[PDB]
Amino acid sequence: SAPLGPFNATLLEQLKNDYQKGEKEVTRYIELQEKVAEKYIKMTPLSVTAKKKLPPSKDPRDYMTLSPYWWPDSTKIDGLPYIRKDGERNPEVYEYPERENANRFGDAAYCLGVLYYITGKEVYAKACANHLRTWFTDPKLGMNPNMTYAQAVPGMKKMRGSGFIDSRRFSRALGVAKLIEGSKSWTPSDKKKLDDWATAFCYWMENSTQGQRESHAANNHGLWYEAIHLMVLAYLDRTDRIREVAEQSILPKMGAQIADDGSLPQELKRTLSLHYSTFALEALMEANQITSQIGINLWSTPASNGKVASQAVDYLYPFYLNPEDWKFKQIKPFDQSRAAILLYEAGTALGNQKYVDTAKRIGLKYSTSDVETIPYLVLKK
């Protein structure tokens, strides 16, 4: 049985088992992924401190990014304070290296971690460990365990926590560290430091004013917060807390956002409504990969108010077939391949065969290098 972690544990165990028995189709797929994975073996570990502009703390170990929809105001002489343009990403975001480097880190470590779980080769754990240490625990290059300055806005005078969503990138990688435990490269001392980082980040999530705020939001930010919350709690083996967050936080939050038709009214008022409708469920989808390893299915468990997350997939299914029909503002094209993983996750969990069949029709490219598709051989022809 796979260690508790941020992935579909069924598909992952299936892959390792077929790989060990020698099944051709899986062994060929894994030898693809290994060729894809070779850039991460040579790839030099990134660190949050690779930045020139420092944050208010003057500490380069603090993660800092710009909130993507905030732009300078031309009608002010300094451009300050920034004004918002929902859905239109300000290219200034890319002057904060963490925004893209946390992605590159997260991808590298997830891929290396799952390949060491499937194949068992020390070269994959040894490379994953190098990435984990430099990003999280290294006394000089690892990030502080907080997200105070995530998605900061210049000229804004209050502090906000909407930026906590940036954590999904590196917190998936935190969980997968559990997969290389037992390797020769991940020493007891390595695990302890990462446990202590994970313990500190969790304390920051739960008790900081920004974390408390985010823990209370009944929108897609609250769902993503709790999904990230489960990943940290899963890494630390706090399964009772996983049960309590699922039942006391995620399901109530999910039920307040679903309307009687299954739509998500808070996301239909965005400039990117089909994207943000799917973003919300993607939070629930990643949380459910962790809850269902301990027996809790968030797709089919109803909330106190009777709403259940399957109603929200039903509303969106027609448009996942024919995205033209989306009768709401979508100021940018929508990636139909996001429906493939979502409908398989939700279809496998709900015993809905129409969903699983449509997931396979849409599919993912067999040879793609997107690391989040590594588990989904079942979607790749």
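We call the rigid core the largest set of C-alpha positions that still match within 1.5 Å between the two forms. Don't overthink the numbering: it's just position in the shown sequence, from 1.
**Item:** Farther-lying stretch by C-alpha RMS in 5 other deposited structures of this protein, rigid core as reference, of 65-73 and 330-338
**Value:** Once the cores are fitted, 330-338 deviates more in 5 other deposited structures of this protein.
**Asked** Core fit done; bigger CA RMS in 5 other deposited structures of this protein for 158-166 or for 210-218?
**Response** Most displaced of the pair in 5 other deposited structures of this protein: 210-218.
**Asked** Would 153-161 or 121-129 have the larger average of its C-alpha temperature factors, as given in the entry?
**Response** Looking at the record's C-alpha B-factors, the answer is 153-161.
**Request:** Averaging the C-alpha B factors as listed in the entry, name the stretch that ends up higher: 195-203 or 176-184.
**Result:** Result of the comparison: 176-184.
**Message:** Using only the C-alpha B-factors in the record, can you name which of 101, 266, 144, 212 has the highest?
**Reply:** When the deposited C-alpha B-factors of 101, 266, 144, 212 are compared, 266 is largest.
**Request:** Go through 95, 260, 244, 138 one by one and give the residue whose Cα B-factor in the PDB entry is largest.
**Result:** In the PDB entry, the greatest C-alpha B-factor among 95, 260, 244, 138 is found at 260.
**Prompt:** What third of the chain, by the recorded C-alpha B-factor, contains residue 116?
**Reply:** It falls in the middle third of the chain.
**Request:** Among all modelled residues of this chain, ranked by Cα B factor, put residue 288 in the bottom, middle or top third, i.e. lowest, middle or highest.
**Result:** Bottom third by C-alpha B-factor.
**Asked** How does residue 56 rank on Cα B-factor within its chain, lowest, middle or highest third?
**Response** Answer is lowest: the recorded C-alpha B-factor places it there.
**Item:** Among modelled residues of the same chain, the CA temperature factor third for residue 359
**Value:** Answer is highest: the recorded C-alpha B-factor places it there.
**Request:** Divide the modelled residues of the chain into thirds by Cα B-factor and specify which third, lowest, middle or highest, holds residue 321.
**Result:** According to the entry, residue 321 has a C-alpha B-factor in the chain's highest third.
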